[PDB]
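*Asks:* I have a structure I would like to understand better, so I am pasting it below and will then ask my questions one at a time.
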Amino acid sequence: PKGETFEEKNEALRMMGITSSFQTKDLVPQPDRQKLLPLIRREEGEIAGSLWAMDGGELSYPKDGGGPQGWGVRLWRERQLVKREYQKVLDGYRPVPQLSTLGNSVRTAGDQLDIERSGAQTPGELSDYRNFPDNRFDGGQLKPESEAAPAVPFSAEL
Amino acid sequence: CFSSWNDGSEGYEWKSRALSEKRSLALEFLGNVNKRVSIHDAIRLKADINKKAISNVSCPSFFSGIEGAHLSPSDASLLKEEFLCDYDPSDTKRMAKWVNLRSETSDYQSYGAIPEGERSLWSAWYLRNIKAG
Amino acid sequence: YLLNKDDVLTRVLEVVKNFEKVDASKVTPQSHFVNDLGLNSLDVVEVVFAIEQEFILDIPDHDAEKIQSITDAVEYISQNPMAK
Amino acid sequence: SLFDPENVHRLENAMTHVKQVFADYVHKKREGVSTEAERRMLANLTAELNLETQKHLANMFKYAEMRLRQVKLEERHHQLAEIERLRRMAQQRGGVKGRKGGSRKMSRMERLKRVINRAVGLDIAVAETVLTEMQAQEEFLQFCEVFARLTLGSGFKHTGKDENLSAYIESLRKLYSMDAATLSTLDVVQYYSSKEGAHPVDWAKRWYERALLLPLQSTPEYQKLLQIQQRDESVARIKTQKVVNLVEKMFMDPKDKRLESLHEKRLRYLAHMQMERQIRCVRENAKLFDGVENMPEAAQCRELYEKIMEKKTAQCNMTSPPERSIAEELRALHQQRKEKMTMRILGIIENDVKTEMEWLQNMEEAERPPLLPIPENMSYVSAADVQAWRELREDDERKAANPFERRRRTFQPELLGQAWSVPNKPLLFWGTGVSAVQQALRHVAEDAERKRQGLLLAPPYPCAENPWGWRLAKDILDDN
Amino acid sequence: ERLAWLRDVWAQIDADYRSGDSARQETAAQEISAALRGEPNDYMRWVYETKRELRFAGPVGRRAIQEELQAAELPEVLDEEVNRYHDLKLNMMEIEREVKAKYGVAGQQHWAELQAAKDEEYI
Amino acid sequence: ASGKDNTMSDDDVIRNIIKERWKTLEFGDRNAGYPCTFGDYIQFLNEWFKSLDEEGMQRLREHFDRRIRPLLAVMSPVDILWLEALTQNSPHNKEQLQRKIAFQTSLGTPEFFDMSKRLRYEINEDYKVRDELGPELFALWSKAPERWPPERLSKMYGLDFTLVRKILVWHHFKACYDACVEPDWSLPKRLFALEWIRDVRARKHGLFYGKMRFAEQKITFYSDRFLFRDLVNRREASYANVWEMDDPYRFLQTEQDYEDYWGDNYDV
Amino acid sequence: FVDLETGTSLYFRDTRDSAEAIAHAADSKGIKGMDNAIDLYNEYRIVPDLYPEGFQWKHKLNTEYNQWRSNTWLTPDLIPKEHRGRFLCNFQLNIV
Amino acid sequence: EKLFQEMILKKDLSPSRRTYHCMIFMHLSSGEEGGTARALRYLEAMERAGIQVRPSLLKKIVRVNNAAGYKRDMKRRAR
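Protein chains in written order, with the deposited numbering: chain B, 710 to 867; chain Z, 14 to 82, 111 to 174; chain P, 65 to 148; chain L, 179 to 412, 435 to 523, 597 to 753; chain A, 103 to 225; chain C, 135 to 402; chain Y, 50 to 145; chain E, 553 to 631.
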């Protein structure tokens, strides 16, 4: 039957009066790409809890009494798993994460000023903003990648 | 002076200032809780005011800037390089090795540079690049 | 120039309905505050302050005395030319 | 000798000392408190660094390999430029000799010029040509800078709307394909490495043409001066006995089918350094003379604004029409070069200490309190606002009905969990508060009976029966 | 492949030891004496540090380092060697000797206040 | 300042002023220049949570999961003690906490704090799977289930099989529970029919249970070629997933038989 | 506060030394000693050193930052020369 | 199938094990009726001609048939 592809699916949704928010497969969230979230779900449990809750009783949250079932031990073990993931980041197995609002709000205020005037998403872009001061614009804005050309030595012609 | 630039306890009045500056910067980067504040409009404007105030400061040049109006191979090389090459991109990068741009700030501006084991106030991690020579 | 009396009637109808002492069913386009709505005289002063917040112009103290019902309240605002 | 690599443990140490005096000097420049002593200490340090650089020029000519590579590249570029100028002069002399054989005075002048070039060990014609080209480029830049300053009231604003690097290399490729009509990337990068010191004009010319919306190739005279300057400047047994250089055999041939991407990267690098020199010199013109554009006279601004209005009227009309003595000067040149390089050192030290003081003052400026908000009128939505947003409220309810358009509502503020909707009733102030006054009357009646009976509340200090200490805020009107 | 790279490196040291110049032979004897005592190379330290800085830089700096060092015949270094070099703790007495040789009595007072802060953190 | 915000829309300028007025919020006395106290904020939170129904509590927990839960998973307890000291805004408690070396040294680093963005993105990606891909799958399965079965949707979107069936069950039960309607209990019996027969058992209190790996003690089909050919010929003559519209369920010609089979007697 | 990869036990035997184990974990706790996990069987754990030979830097130590802390008795010469730097697995001690 | 019987009948070539596996898995992966009835014919032709029948082939036959059950169910629902 027709409808396996996305063009027939979008045409059938147009005939039903529904404009699809996901036209093609690049606008698909793809939960198999997640790396930290299944690692959290495997050992401790569901970090969301209220992702699947019908009437308010199917939620997975730690108890309020404390002890080994409380919030502190669960948040500590989640922080240990995030520490394992961050150690994987530091050794080069994982890519470097982008700048978060929690990370920016704890930083040195001059670094926050450089981030907000540069528009850098990753700290590698901030390192390119600092280590190449001739690359930026007049308003402190960061220039894209295609506008930089490094010097190629003649010793590659051996 | 020139003799105050070598090692061996010479130039005590400025060496103790530089060693106290790097420690006091390390103590406020780690142990000062009041500096971990998100910036607001009072910080965003007055830092731009303080950005332009330092840019308005001009350095006082010395008397070097004042001017008026079979050769050897070493003497002809200096005259030919001054006329044919007005801008040299190779020599301005050799200045970056001598000046060592952002010497005291790239110790804390790098990504993942300082380990967690040396994040105490007694730890000596700002003294790793000290080479006596 | 002047706002017509059709919209400012509906403007003063909604602000008198949201008073907590009154009911929404008792209020008519021709009604009195103390007699019909059952209001104390202290909040009749609070009635004209709600007109001073709905219509941002400041009504003087002598003109606030001349209004005592809703038909005079809709008449006084429509004659004031500085209203937006 | 200080800049030699054996004394680097001294060198940066000295730099920190220089840094430290600048660490007060800008400080004692920015409050204005006795900057003469810091200037004297900086002058003494500059004299010591000048002696160090006077030794270190020869010390780095003898030891440092990057200076030797730069000197070899400069000598090769000067030899290539002198060979091109000598080929052009030989072609001109051959044309003059074929036109007229009686050229004895011209031959004597050419021999005197060749003897002067051999005595100076450089081509004076190419040096004067490069000087004249740089002077005409600087004059064109100053003319376009004052024209952009007076006409539109702006300066140089480098943003993302400008000509990027790919458009620049494609414009240069199509330009030199209009010049020679048959080319490859190798000949293009060979020509750009042969020139390698001529100030390019076309990117700034395109930016000023995009800024002024008028053609600039025929109307100004400085562009035509640059154009005419660019016009006038543009056996077997013996080879067997000739020794073969082993260093040349370790490099591949330039006409090789494996070196195309290296030539493309070299073309991108040469175009990048050309565009960076253009941005450098235009920013130098915008920091040198465009500061006087804000302090310019009103007549020169108003007459140029009238000229811009006349140009806009002309553009509208065009749219309607469309519809013992050498050594002293050589020592002076050596001292000039040494003081120039020590000022180039001190300027970079000044920029480094300026940005480090900026970073430390931005560390310092974090703990200051924020600004005070100005008092606005009280938050009130009128009945006209309610009746004006009624159709939008009903359409937002219809969009909240279906799930596909639930997030497409135009008015969606949010608290912790709830989404704010369009209000259907005016939010008032004077009508509210009728229950709290009655509760306060009952409470002050029971509190008056308490004060006549001598009763205390629950213990406001954090006792055992109340762990959180809950205290009512002691008000001065509620004192008794 | 690392042994082939070390043969290609030590060919230069063998050429300098058999060149006949005084400075070349003395630097080659310095390299031989540093290798025989077990002292590691500073070239390896620079290689590990520039590999970590190539790892932690952005794409402009990564392209600059990759274009500068494409012709320089660098050894193929794994990430685990850079992580092994980086995760080592620094020696306290070597830092003390460097801070008392580079700086004099100011270095001794700085180390005394550092030991004072150490004994305060011990409390 | 002119150079930072040269030209942007009105939504951007009100977002910027909303952001700057959000971050400049402090808790002191009302007459001392500060807008409110901490206890007034706690009273606002208490009487705001009292004014919520179960849908509002569900949206509150969803806002906790999307935004506050990654920040709590990354931050240390000394960091939330510092945040509590920032809430109370007392100079006494701040001066008391600034004396501690373990409070100052054990503060979190921003490169470790940058994992909160990826964790927040993953949680919001799961909520985008639920709330944004959900109604589209519900419409495609509810209009023509014989044209778009759950295995076709799971293959063309690539999420999972059980996740798509859970999304359909959760969306129908969410539409029933939010409209004060008794939910159709036959829908987990229809989407998880094999799972209802296999997994759902009556469980007693004080004893533990197991799971049968196989139903019968049999000989394997790899032991002979004829048993292998019989298994392959039976699997070709079989479905992979059977639903309510297939040919074995074509005897349900009446909706009364439809509600009789899938309702209250499916286990019989 | 256990780590499920390293802090578990292989055997069934209850030696009842968990109180002394948490006492020694609190004794080894410092300013950052509470951030890592607690191993109740750390007294019986033998972690082989994987680096007997390599580059010996002068400015750096031979110890690492993230290293498992030893016991009161565990010395690096317990594993012999032919097995030194060979075992990729952590061992647990059981007394007969 | 045309090139298969042209290889067998005309050029008199003995097909290898891999090109027998291809004709097995093509009829198995196709959801039309009688695909496994021809895949078992190719299995019989492998058996009676001395071609090796590996256990990995049998496990892949079961796995590919269980995977192509989706295509079989779609081609049955389209009717």
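By construction, the Cβ of each residue, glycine as well, lies at the ideal position given by its N, Cα and C atoms.
Does DSSP put B:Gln-821 in a helix, a strand or coil?
*Replies:* helix
*Asks:* Rounded to the nearest angstrom, what separates L:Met-356 and A:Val-149 at their Cα positions?
*Replies:* 47 Å
*Asks:* Using the Cβ count rule (16 or more neighbours within 10 Å means buried), how would you classify L:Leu-392?
*Replies:* Here L:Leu-392 is exposed: its Cβ has fewer than 16 other Cβ atoms, across all protein chains shown, within 10 Å.
*Asks:* Find the nearest neighbour of B:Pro-832 within the set Z:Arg-169, Z:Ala-165 and Z:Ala-154, judged by alpha-carbon distance.
*Replies:* Comparing Cα-Cα distances from B:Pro-832 to each of Z:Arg-169, Z:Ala-165 and Z:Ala-154, the minimum goes to Z:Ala-154.
*Asks:* In this structure, how does DSSP classify C:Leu-159 when only helix, strand and coil are distinguished?
*Replies:* Coil at C:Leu-159, not helix or strand.
*Asks:* Under the rule that 16 or more other beta-carbon atoms within 10 Å means buried, what is residue 632 of chain E, buried or exposed?
*Replies:* With chain E represented from 553 up to 631, any question about residue 632 of chain E goes unanswered, as that position is not in the structure.
*Asks:* Show which residues of chain C have a CB atom less than 9 Å away from the CB atom of Z:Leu-43.
*Replies:* Going along chain C in sequence order, the residues near Z:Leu-43 (Cβ under 9 Å) are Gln-238, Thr-239 and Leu-241.
*Asks:* What does DSSP give as the partner residues of L:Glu-687 in its beta bridges?
*Replies:* L:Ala-692
*Asks:* Mind listing the chain Z neighbours of L:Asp-720? Cutoff is C-beta to C-beta under 9 Å, in chain order.
*Replies:* Those within 9 Å of L:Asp-720 in chain Z number zero; the least Cβ separation is about 43 Å.
*Asks:* Rounded to whole angstroms, what's the CA-CA distance from E:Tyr-572 to E:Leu-592? Just pull it up for me.
*Replies:* 11 Å
*Asks:* Could you check whether the Cβ of C:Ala-135 sits closer than 7 Å to any Cβ belonging to chain Z?
*Replies:* yes
*Asks:* Decide if the segment 363-380 of chain C is in contact with the segment 286-293 of chain C; the criterion is three or more beta carbon pairs, one per stretch, under 8 Å apart.
*Replies:* no
*Asks:* Considering just the uninterrupted stretch of the alpha helix (DSSP H) at E:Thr-571, what are its terminal residues?
*Replies:* 569-581
*Asks:* For L:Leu-328, which residues from the same chain have a beta carbon less than 7 Å from its beta carbon, with the 5 sequence-adjacent residues on both sides left out?
*Replies:* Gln-500, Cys-501 and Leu-504
*Asks:* Mind checking the segment 628-662 of chain L against chain B and listing, in chain order, the residues whose C-beta falls within less than 7 Å of any C-beta there?
*Replies:* Per Cβ criterion, the list reads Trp-632, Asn-635, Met-636, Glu-638 and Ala-639.
*Asks:* Unbroken beta strand (DSSP E) runs of length 3 or more, entirely within the segment 312-361 of chain C: which are they?
*Replies:* none
*Asks:* So with CB distances below 7 Å, who are the chain C contacts of Z:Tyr-152?
*Replies:* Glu-245
*Asks:* For the beta strand (DSSP E) that Y:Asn-111 lies in, which residues bound it at each end?
*Replies:* Start and end: 109-113.
*Asks:* For chain B, find out if any of its Cβ atoms is closer than 7 Å to the Cβ of A:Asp-181; answer yes or no.
*Replies:* It does: the Cβ of A:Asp-181 has a partner Cβ on chain B nearer than 7 Å.
*Asks:* Who are the near neighbours of L:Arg-610 in its chain, counting only those whose CB is closer than 8 Å to its CB and skipping five residues on each side?
*Replies:* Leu-235
*Asks:* Applying the 10 Å Cβ sphere with the 16-neighbour rule, what's the burial state of C:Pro-204?
*Replies:* Buried.
*Asks:* Mind reading off the beta-carbon distance from L:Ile-347 to L:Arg-468? Whole number of angstroms is fine, and I expect it under 8 Å.
*Replies:* Confirmed, Cβ separation roughly 6 Å.
*Asks:* Specify, as a first and last residue, the run of the alpha helix (DSSP H) that Z:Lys-28 falls within.
*Replies:* 25-43
*Asks:* Within a Cβ cutoff of 8 Å, which residues of the same chain sit near A:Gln-168, ignoring the five residues on either side of it in sequence?
*Replies:* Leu-156
*Asks:* Just the Cα atoms here: how many angstroms apart are E:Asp-564 and E:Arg-615?
*Replies:* 33 Å
*Asks:* Examine chain Z for any beta-carbon lying closer than 7 Å to the beta-carbon of C:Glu-154, and answer yes or no.
*Replies:* By the rule that beta-carbons nearer than 7 Å mark a contact, C:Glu-154 touches chain Z.
*Asks:* For the beta strand (DSSP E) that contains A:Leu-192, what are its first and last residues?
*Replies:* 190-192
*Asks:* Going by DSSP, which residues form a beta bridge with P:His-96?
*Replies:* P:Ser-133
*Asks:* Quick one: which residues of the segment 743-772 of chain B get their C-beta closer than 9 Å to a C-beta of chain Y? List them in chain order.
*Replies:* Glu-752
*Asks:* For the putative contact between P:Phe-113 and L:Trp-703, defined by C-beta atoms under 8 Å, what is the C-beta separation to the nearest angstrom?
*Replies:* Confirmed, Cβ separation roughly 5 Å.
*Asks:* List, in chain order, every chain C residue whose beta-carbon is nearer than 9 Å to that of Y:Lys-78.
*Replies:* Result: empty, since nearest Cβ-Cβ is about 11 Å, beyond 9 Å.
*Asks:* Please name the residue, chosen from C:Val-212, C:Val-147 and C:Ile-176, that lies closest to Y:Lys-81 on a Cα-to-Cα basis.
*Replies:* C:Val-212
*Asks:* At the level of alpha carbons, what is the spacing between L:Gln-685 and C:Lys-289?
*Replies:* 35 Å
*Asks:* Can you confirm whether B:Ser-827, when its beta carbon is compared against all beta carbons of chain Z, has any partner nearer than 7 Å?
*Replies:* By this cut-off, B:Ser-827 is not an interface position.
*Asks:* For the segment 801-859 of chain B, list the alpha helix (DSSP H) runs that are entirely contained and at least 4 residues long, ordered along the chain.
*Replies:* 810-815, 818-827 and 832-840
*Asks:* Counting contacts by CB-CB distance shorter than 7 Å, is L:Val-695 in contact with chain P?
*Replies:* no
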